[PDB]
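S.K.: just dropping in an experimental structure and the matching sequence.
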Amino acid sequence: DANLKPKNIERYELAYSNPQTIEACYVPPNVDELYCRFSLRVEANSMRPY
Amino acid sequence: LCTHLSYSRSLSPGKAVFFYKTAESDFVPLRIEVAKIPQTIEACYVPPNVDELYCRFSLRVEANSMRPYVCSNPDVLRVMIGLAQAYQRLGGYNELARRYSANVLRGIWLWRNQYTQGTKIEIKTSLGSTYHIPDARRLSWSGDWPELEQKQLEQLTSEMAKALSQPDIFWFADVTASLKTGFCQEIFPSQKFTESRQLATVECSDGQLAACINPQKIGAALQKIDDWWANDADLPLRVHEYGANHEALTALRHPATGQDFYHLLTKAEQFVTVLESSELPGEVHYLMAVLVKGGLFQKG
Amino acid sequence: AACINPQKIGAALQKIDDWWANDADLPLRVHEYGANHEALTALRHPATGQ
Amino acid sequence: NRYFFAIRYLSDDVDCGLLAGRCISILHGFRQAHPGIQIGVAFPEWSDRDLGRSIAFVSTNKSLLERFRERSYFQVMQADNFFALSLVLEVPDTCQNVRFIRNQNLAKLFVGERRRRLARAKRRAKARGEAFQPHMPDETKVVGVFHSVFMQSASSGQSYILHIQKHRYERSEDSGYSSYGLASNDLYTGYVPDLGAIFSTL
RNA sequence: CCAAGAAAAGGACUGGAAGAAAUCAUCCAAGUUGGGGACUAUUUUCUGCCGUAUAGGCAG
């Protein structure tokens, strides 16, 4: 509590876990390489105010 | 202190998968059988005629504790930078590397599956080294290791000491162990957490399932190297800001003692001063270990 | 399938600005006020005239 | 043509699986003293979620059932206010029957059973002289609902579990009960009335 | 021992006829959610037999 009083919590009460639900992503076994792709367009559009 | 302060993790595994070899193909997964009885029962054991089981995982190590991921205070930042370097140049990374390295070679990341007729561990790295522990069943936390084994601990310690302390080195290790097994020995993979029980598996690229151990379950085993409290080494704790001990349901560095991370975090100005006069005390070893297992250190 | 968002790719490509304080350091994402997220601050605060 | 009596557990913290096992053990011991008898076990408080806090016994010979009721264990448990006992009375003629068959096939769901089965199969092949070449089944099975009762071995160093299922009755043949008063899937036919009725008596 | 005390509003009905809201009309410009993690615990399912047999039935 505001780095002042440490809270009343009994010793055993912090040995408990905190469960959570998460999403995650891993490369599956035996894949040799991963690919990533995207496209890019460029326009000469700074010459004049929209 | 300050409002925003974060570190990211400097050491991490991917997951572990169990498999065996045949004369026809090199990777055949160990599978799990389920009966719907929903409310199910299930089992997993090495099948007849397979003499040994393999377990494999990968590890990356990164020199990422030298600098705060985020810091909102220029004075907090100046100090944390000075401290990491004040420590690095006196050594001490060797000590941390020695402790981490010892755990990989010992094999405790196998948890409940250590009880074999003989376990062999082999390690390869991205710098071209190979290490070989012919039998992992005899190496203690405390004690002198037998010859030729003590030596590989030193060599591995050196590669990792660098991986932890100098940037732009891309260091990977590939750890495979072999379990020589019993007639139809039961295997203990990670369990599923639910709101009867279920076991965890992964999918193969061909659609088969396999038994596995979760990433953080491998990780929890590796980082268990905290024995700096109460001048009584016993066995080490998993590094935790409060010194939690799950087996006894207690906490060794309870805030009431002044021995936790947060009290210690505020004395950095004093530690740097000492390091300059330098011997490294338990208080700075603890702090460095926590910075390596980075997380949120905020709302000061 | 897993992806990376358009503007997340974009923020990386346009990370080009080391023209402040006559000391290049690392470049910032172009921003009218010179925002710096990592340090939670701003390098071209209106108070500077920059 | 049928008589019964019932026992209920008074304590709210009673463990049904542990305690039920003792009543069966007594029945067995009695069966050993007088081999030519037939007494069936029923669970009038059976549920899909639990086993229930009560047990009943059913038979055809009034005078014999009285002798069973007089067994010292039951008398002690009543005296200390653990058990509520009923008297022996006639079974109502307006009810339906159930089997209470036990299923040993469920043993095969556990690793210990598979290990034993294969060890014997390997050894058994030596007589044939062929190489040991076992062949495993597929990954999915479907089973019905069952409850467990905790059991001690007879004059040995072991303990194990009984797995009980409840089947509805269909009438044929002639009867017999197993040593535990339970029914078997085959060649052990018997039944008990499902006396979930008139349970307000305890 | 209440501005005291007592009180039957009842009967009967038939609001119907007609009808045309239409014409047009432009929402546009840029924009980074993000850093950490043990579901296994003081738990019950162990030992034999029939059988070509991880089929299918039985004794503890």
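M.R.: Cool, got the structure. Numbers count the residues shown, from 1 in each chain, chains lettered A, B, ... in the order given.

S.K.: now name the helix or strand holding residue B:205.
M.R.: Assigned by DSSP states H and E, residue B:205 belongs to neither a helix nor a strand.

S.K.: an error on my part: the question was meant for residue B:220.
M.R.: Per DSSP H and E, residue B:220 falls inside helix B:215-222.

S.K.: what's the first helix or strand after that helix?
M.R.: That would be, after helix B:215-222 and using DSSP H and E, strand B:244-245.

S.K.: could you name the helices and strands sitting against the helix or strand following that following strand?
M.R.: Once the chain leaves strand B:244-245, the next helix or strand it forms, by DSSP H and E, is strand B:250-251. Packed against strand B:250-251 by the contact rule (3 or more CB pairs under 8 Å, 6 or more residues apart in numbering or on different chains; DSSP states H and E) you find strand B:244-245. Any C-beta I mention is one placed from the backbone N, CA and C, and that applies to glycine too.

S.K.: listing partners with orientation, what would you give for the strand it packs on?
M.R.: Next to strand B:244-245 in the sheet, as set by DSSP bridges, lie strand B:250-251 (antiparallel).

S.K.: what does the partner strand contact?
M.R.: A:11-12, A:14-15, B:242-245 (CB atoms under 8 Å, 6 or more residues apart in numbering or on different chains).

S.K.: again, 10 Å this time
M.R.: With CB atoms under 10 Å, 6 or more residues apart in numbering or on different chains as the test, strand B:250-251 has contacts from A:9-15, B:237, B:240, B:242-245, B:257, B:260.

S.K.: show me what counts as buried in stretch B:278-295.
M.R.: By neighbour count with 16 or more other CB atoms under 10 Å in any protein chain shown, stretch B:278-295 contains the buried residues B:280, B:284-294.

S.K.: repeat that for stretch B:75-85.
M.R.: Counting neighbours by 16+ other CB under 10 Å, one finds that the buried residues in stretch B:75-85 are B:76-77, B:80, B:82-84.

S.K.: from those residues, which land in helices?
M.R.: The helices, defined by DSSP state H, take in B:76-77, B:80, B:82-84 from the buried residues of stretch B:75-85.

S.K.: among these, which ones lie close to chain C?
M.R.: Of the residues in those, proximity to chain C by CB under 10 Å from any CB of the partner chain holds for residue B:77.

S.K.: pick out the residue in chain D sitting closest to chain C.
M.R.: Closest contact between chain D and chain C, by CB to the nearest CB, is at residue D:139 (29.0 Å).

S.K.: could you measure from the nearest residue in space to that residue that is not next to it in sequence over to chain A?
M.R.: Spatial nearest neighbour of residue D:139, excluding adjacent residues (CB to CB, 6 or more residues apart in numbering or on different chains): residue B:33 at 5.3 Å. Using CB to the nearest CB, to the nearest Å, residue B:33 is found at 20 Å from chain A.

S.K.: can you check residue B:107 too?
M.R.: The value you get for residue B:107 to chain A, if CB to the nearest CB is used, is 22 Å.

S.K.: list the contacts for that residue?
M.R.: The contact partners of residue B:107, by CB under 10 Å, 6+ apart, come to B:55, B:113-114, B:116, B:119-121, B:133, B:135-137, B:139, B:175, B:177, B:179, B:221.

S.K.: show me the two of those that sit farthest apart.
M.R.: The span of the contacts of residue B:107, defined through CB to CB, is set by B:135 and B:221 at 19.2 Å.

S.K.: shouldn't residue B:205 be in contact with residue B:29?
M.R.: No: the criterion here is CB atoms under 10 Å, and residue B:205 misses it with residue B:29 at 11.1 Å.

S.K.: pull the number of nearby residues for the closest residue to residue B:235 other than its chain neighbours.
M.R.: Among residues not flanking residue B:235 along the chain, residue B:141 sits closest, at 6.5 Å (CB to CB, 6+ apart). Residue B:141: 16 surrounding residues under other CB atoms under 10 Å in any protein chain shown.

S.K.: quick one, what contacts residue B:141?
M.R.: B:99, B:102-103, B:106, B:108, B:224-225, B:227, B:233-236.

S.K.: out of those, which are buried?
M.R.: Buried among the contacts of residue B:141 by 16+ other CB under 10 Å: B:99, B:102-103, B:106, B:108, B:224-225, B:227, B:236.

S.K.: quick one, phi psi at residue D:59?
M.R.: Dihedral pair for residue D:59: phi -150, psi -170, per degrees, to the nearest 10.

S.K.: what's the neighbour count on residue D:120?
M.R.: 10.

S.K.: tell me, what residue is most central in chain D?
M.R.: Centroid-nearest residue in chain D, with CA atoms, centre = their mean: residue D:182, separated by 4.5 Å.

S.K.: quick check, it in contact with residue D:98.
M.R.: No: Residue D:182 is not in contact with residue D:98 according to CB under 10 Å; the separation is 12.0 Å.

S.K.: okay, stretch B:36-45 in CSV with CA atoms only?
M.R.: Taking C-alpha atoms only, stretch B:36-45 is exported to CSV below (Å, rounded to 0.1, in the frame of the first residue of the first chain):
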residue,chain,number,x,y,z
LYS,B,36,-14.8,-40.8,-24.0
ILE,B,37,-16.5,-42.8,-21.2
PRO,B,38,-16.4,-35.0,-22.0
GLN,B,39,-15.5,-37.0,-18.9
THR,B,40,-12.6,-39.1,-20.2
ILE,B,41,-9.7,-41.2,-19.2
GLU,B,42,-6.5,-41.3,-21.2
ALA,B,43,-3.0,-42.9,-21.1
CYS,B,44,0.5,-42.7,-22.6
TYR,B,45,3.4,-45.1,-22.4
